[PDB]
Amino acid sequence: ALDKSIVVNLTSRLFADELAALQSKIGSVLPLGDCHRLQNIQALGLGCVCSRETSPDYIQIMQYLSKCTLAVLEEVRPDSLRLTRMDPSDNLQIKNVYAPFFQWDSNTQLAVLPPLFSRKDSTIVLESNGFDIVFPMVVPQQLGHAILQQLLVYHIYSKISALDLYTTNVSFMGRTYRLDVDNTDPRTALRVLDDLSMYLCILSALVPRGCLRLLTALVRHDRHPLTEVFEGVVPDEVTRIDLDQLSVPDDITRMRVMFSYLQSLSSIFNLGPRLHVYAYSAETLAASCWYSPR
Amino acid sequence: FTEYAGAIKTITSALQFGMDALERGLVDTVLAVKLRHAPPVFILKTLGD
Amino acid sequence: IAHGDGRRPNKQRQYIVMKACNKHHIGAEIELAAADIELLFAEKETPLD
Amino acid sequence: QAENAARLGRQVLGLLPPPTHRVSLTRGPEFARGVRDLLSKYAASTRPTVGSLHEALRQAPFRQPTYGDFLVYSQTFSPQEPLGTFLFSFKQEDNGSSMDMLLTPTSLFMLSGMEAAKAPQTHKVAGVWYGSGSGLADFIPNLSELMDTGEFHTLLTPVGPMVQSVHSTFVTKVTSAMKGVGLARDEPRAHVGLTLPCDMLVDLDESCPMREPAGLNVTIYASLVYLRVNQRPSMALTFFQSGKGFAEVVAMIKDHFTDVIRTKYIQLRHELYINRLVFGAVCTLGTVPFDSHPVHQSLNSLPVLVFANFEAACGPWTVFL
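What comes next is a walk through the structure. (Residues numbered from 1 in each chain as written, not as in the entry; some residues may be left out. Chains lettered and ligands numbered in written order. Part of a larger assembly, values for the part shown. Heavy atoms only, no water.)

The next thing to look at is the overall build of chain D. From N to C terminus, chain D includes 7 helices and 12 strands. For the C-alpha atoms alone, the extent of chain D along its principal axes is close to 80 × 60 × 45 Å. Taking all 321 residues of chain D together, 40% fall into the buried category. Roughly 19,600 Å² of accessible area belongs to chain D as shown, and the carbon and sulfur atoms make up 54% of that amount. Put simply, chain D has 26 plus and 27 minus side-chain charges, and the middle of one group is 8 Å from the middle of the other. (Helix = DSSP H or I, 4+ residues; strand = E, 2+ residues; numbered from the N terminus. Buried < 20%, exposed > 50% of the residue type's maximum accessible area, 1.4 Å probe, protein only. Areas by Shrake-Rupley, 256 points an atom, 1.4 Å probe, with all protein chains shown as cover. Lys, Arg positive; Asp, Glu negative; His and termini not counted. Charge placed at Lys NZ, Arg CZ, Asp CG, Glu CD.)

Let us look at the overall build of chain C. Regarding its fold elements, chain C presents 1 helix and 0 strands. If you line up chain C on its principal axes, its C-alpha atoms span 100 × 15 × 10 Å. Here chain C has roughly 5,900 Å² of accessible surface; of this, 54% comes from carbon and sulfur atoms. Between the averaged position of the 7 positive side-chain charges in chain C and that of its 8 negative side-chain charges there is a distance of 48 Å.

On to the interface of chain D and chain B. The partner chain B presents 6 residues to the 8 residues of chain D that form the contact. At the boundary of chain D with chain B, total buried surface from both sides reaches about 510 Å², with 82% on carbon and sulfur atoms. Applying the counting criterion to the chain D and chain B interface returns 0 salt bridges. Its residues placed into classes, the side of chain D that touches chain B shows 4 nonpolar, 3 polar and 1 charged. (Contact = heavy atoms within 4.5 Å. Buried area = accessible area lost by both parts, 1.4 Å probe. Salt bridge = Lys/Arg side-chain N within 4 Å of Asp/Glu carboxyl O. Nonpolar A, V, L, I, M, F, W, Y, C, P; charged D, E, K, R; others polar.)

As a packed pair, helix 5 (residues 191-203) of chain A and helix 6 (residues 246-256) of chain D sit with axes 12 Å apart at the nearest point and diverge in direction by 70°. As far as their axial angle goes, helix 6 of chain D and helix 5 of chain A are roughly perpendicular. Of the two elements, helix 5 of chain A crosses helix 6 of chain D, and the hand of that crossing is left-handed. Residues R191(A), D195(A) and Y199(A) of helix 5 of chain A touch helix 6 of chain D, and the partners they reach there are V250(D), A251(D), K254(D) and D255(D). Each residue belonging to the contact of helix 5 of chain A with helix 6 of chain D can be placed in one class, and the counts come to 3 nonpolar, no polar and 4 charged. (Axes fitted to C-alpha atoms, helices over the stretch in contact; angles between N-to-C directions. Parallel < 35°, antiparallel > 145°, perpendicular 65-115°, else oblique. Left-handed = near helix turned anticlockwise from the far one by under 90°.)

Another point: the sheet that holds strand 14 (residues 287-292) of chain A. Residue and element names in this part refer to chain A. Sheet architecture is open: 5 strands sit in the order 6-14-13-7-10, paired in antiparallel fashion. On the outer flanks of this sheet lie strand 6 (91-92) and strand 10 (137-139), each paired with one strand and no other. Alignment of strand 7 (residues 109-113) against strand 13 (residues 274-280), held across 3 bridges, turns out to be antiparallel. Residue pairing across strands places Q109 opposite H276, the latter belonging to strand 13. (Pairing = 2+ DSSP bridges.)

Another point: the state of the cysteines. On inspection of all chains with the given rule, the structure shows 0 disulfides over all chains. Sulfur of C211(A): no disulfide; nearest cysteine sulfur belongs to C201(A) and is 18 Å away. (Disulfide = S-S within 2.5 Å.)

Okay, the interface of chain D and chain A next. Facing 30 residues of chain D, the contacting portion of chain A comprises 32 residues. Between chain D and chain A, a total of about 2,600 Å² is buried, with carbon and sulfur atoms accounting for 54% of that surface. Counting the contacts that link chain D with chain A gives 0 salt bridges. On inspection of chain D and its partner chain A, the count reaches 4 residue pairs in polar contact. (Polar contact = N/O pair within 3.5 Å; in protein donor to acceptor, adjacent residues only side chain to side chain.)

It is worth spelling out the packing of aromatic side chains at this point. The geometry of an aromatic ring pair comes down to the distance between the two centres and the angle between the two planes. Residues and elements named next belong to chain A. A complete count under the given rule lists 10 aromatic pairs over all chains for this structure. Measuring from centroid to centroid gives 6.2 Å for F102 and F172, while their planes differ by 80°, and the two rings are edge-to-face. Looking at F102, the relative accessible area reads 14%, which means it is buried. Note on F172: relative accessible area 35%, which makes it partly exposed. (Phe/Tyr/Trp six-rings, centres within 6.5 Å; stacked < 30°, edge-to-face > 60°.)

Further remarks concern the pattern of salt bridges. One pass over the structure, following the stated rule, counts 13 salt bridges over all chains. With a shortest N-O distance of 2.9 Å, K4(A) and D90(A) are connected by a salt bridge. On the criterion of sequence distance, the pair formed by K4(A) in the segment before strand 1 (6-8) and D90(A) in the loop between strand 5 (81-86) and strand 6 is long-range, its members being 86 residues apart. Under the relative-accessibility criterion, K4(A) is labelled partly exposed at 26%. The shortest N-O distance in the salt bridge between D5(C) and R7(C) comes to 3.5 Å. Under the relative-accessibility criterion, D5(C) is labelled partly exposed at 43%.

A few words on the nonpolar core. Ranked by size, the top nonpolar core spans 121 residues in total, and within it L206(A), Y261(A), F90(D), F152(D) and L156(D) carry the most contacts. No other element matches the 9 residues that strand 8 (residues 217-229) of chain D contributes to this core. Apart from residues lying up to four places away in sequence, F90(D) is in contact with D100(D), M101(D), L103(D), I140(D), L146(D), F152(D), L155(D) and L156(D). Formed by 18 residues, the second largest nonpolar core is a distinct cluster that contains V8(A), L30(A), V76(A) and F135(A). (Core = buried A, V, L, I, M, F, W, Y, C linked by side-chain atoms within 4.5 Å.)

Our focus in this paragraph is the packing of helix 4 (residues 141-159) of chain A against helix 5 of chain A. Each pair of packed helices can be described by the angle between their axes along with the distance between the axes. Residue and element names in this part refer to chain A. The N-to-C vectors of helix 4 and helix 5 enclose an angle of 90°; their axes lie 10 Å apart at closest approach. What the angle tells us is that helix 4 and helix 5 run roughly perpendicular. Counted together, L152, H155 and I156 of helix 4 and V192, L193 and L196 of helix 5 form the full contact between these two elements.

Either a parallel or an antiparallel arrangement is found when strands of a sheet pair, and the pairing is made through backbone hydrogen bonds. Spatial strand order, 3-2-4 (chain D): 3 strands in an open sheet with antiparallel pairing. In this open sheet, the two edge strands, each paired with only one partner strand, are strand 3 (101-102) and strand 4 (156-158) of chain D.

Turning our attention to helix 2 (residues 58-65) of chain A. Residues separated by three or four positions in an α-helix point in the same direction, a consequence of the helix having 3.6 residues per turn. All names here are of chain A. Burial analysis of helix 2 places 6 of its 8 residues in the buried class, which makes it a mostly covered element. For helix 2, the full list of buried residues reads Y58, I59, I61, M62, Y64 and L65. Check the buried side of helix 2 and you find it contacts strand 4 (69-76), strand 7, helix 3 (119-122), helix 4 and helix 5.

Considering the arrangement of structural elements, one finds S264(A) in the loop between helix 8 (248-261) and strand 13. Overall, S264(A) belongs to the buried group, its relative accessible area being 3%. Excluding residues that lie within four positions of it along the chain, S264(A) makes contacts with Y199(A) and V319(D).

In this section: the arrangement of the chains. By contact count, the dominant pairing among the 5 pairs of chains in contact is that of chains A and D. Regarding chain A and chain B, which are not in contact, the minimum distance between any of their C-alpha atoms is 12 Å.

Moving on: the environment of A313(D). All names here are of chain D. Positionally, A313 belongs in the segment after strand 12 (302-304). For the pair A313 and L302, spaced 11 residues apart in sequence, the C-alpha to C-alpha distance is 27 Å. If sequence neighbours within four positions are ignored, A313 has contacts with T284, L285 and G286.

Moving on: the side chain of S223(D). Residues and elements named next belong to chain D. Positionally, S223 belongs in strand 8. Polar contacts involving the side chain of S223 include one to the side chain of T238, which spans 2.7 Å. Those residues within four positions of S223 in sequence are excluded, and the remaining contacts are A236, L237, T238, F240, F257, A281 and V282.

Here it is in structure tokens:
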């Protein structure tokens, strides 16, 4: 069968300082450029798209991430980095040392994200060779989605300012977090938002009338736990659309096209490659998972 | 038989290639080790005195 | 050469070269006189013939 | 004549699925001796030979496609093809036992009815394989109405490249390939690659560079675009080739079809029909390995690409706009 291993040649002996950080994160996922055994250090970083002096754009970095082949480390020798590889469709041991710590279990789900909480904590610099290395973050899909939800909401409401507690905070059961935005290039994050303005005003044209009349019967008295968004008051717009008579075969043709455009929103809310964990050990922090590029 | 024996001549000559392109790897890297530790004359001549 | 830099190692390569033949043609002319061929087959019996 | 029959004793027993790894515990540690194909680093010598490495060449991966068997009217499937074309299976209703309808991309150009300059080369070639276009359109009387409501992408299932066509007078048998590289029938030890017309294919990774990552995977995508020409509904099918991930290519396909989106939707300031809103759909026709060079060919000319090591993996149609 197949071999997969990448040993990274390197032109200077590393110091004991940076050897201690790389020894601490010995099981870690990071992308790299080319699919070969021997490799320069300038491909191993995610820092070829996320630099210090250039303003990073986290969507473009994430857009960059689904192109690259991914890799897991095996050893850190004082000269050479030795890594193993991730290919479809192979079962592999994965071991999270990822610093904003979350808990996994057996039969969980994962996805790879750029560093979005602490760049200084997740990037170590190599002064010996001058090139810095950026580690990505692996997140379960629920917070994997909910960070990209808050990041798209941010770039809408930074443009309107042309304050922070509603825009830059990712919410979750038990914890709240801070997204890292000081210098972001919004332009690659806005062509995503330009295509959202395409889908969302088409979805406002084919709204079913029976589902709007269902809310005018619902939110006025029938209060439910998950309808507290409207706070007990109907919007002014929903009363204006339901003036027509309801007819069933009109909404049959509407709810098919409502169904088919919600197939398209997969393409604009995509994460990177996904990781299907089938067995996860708790006290050892390792796992087992098969890699699927989509 | 002449299809078999002409395909075993392919795979050896594809593998004599593999070893004899690695003996060039010695002669490359040994010469490249010397050039990393070879300062020029004009620097080293006055230091030699 | 197999080397330890990051660039792509080369696979095996071959060339097939086909040469051809140029052809050349030479001609020279020879005139034999009809008064000279006629006595080549004749019978001789006298010291002038 | 048993010498002829002992050949099948060799070749069938040599060509089987690898059996399940099951060793009784009373034998002891003999099962570890039966793990040979997982071992992946072989020793080299000063002068390695085939006799040294005939064990390393022996362990091979287990690869096999899953063929399809189609029985086609000989009016639709043109009797001469370049043996590697891509296929589709249009399906409306089971009327008989097994009579199947297959659509090559040159046949689906003729049912479309689009203008000549949209695909300037295959219009000449698809007009000599077929008539004016009504040799095929009599099977689908709903070509005017499937294009209005936009059901035509839901009725095609991408199948894969040809392997063999045994052609008779009234009925053509067609064996295609799903799930991977189909074994060539007439040439032994060979592999049928997928052949596309150069006119239909639209490359997507092309730069000055004016740097992008390499990988293991580049995926051929199909697309099918609902439009209107001469106030008549018609379709347009193109191909795409990029290894950029599905989140970029949907944004890269919309930039290609920017003009066609605008010239359609100038109409619906006047008439807003919700059936008309569906525009395109994108499938995934299977992967190509990275850095395989598509080899140009020409047939009668018709320039036709070909892809080595194409392995097929069909996907659904997702409606982009």
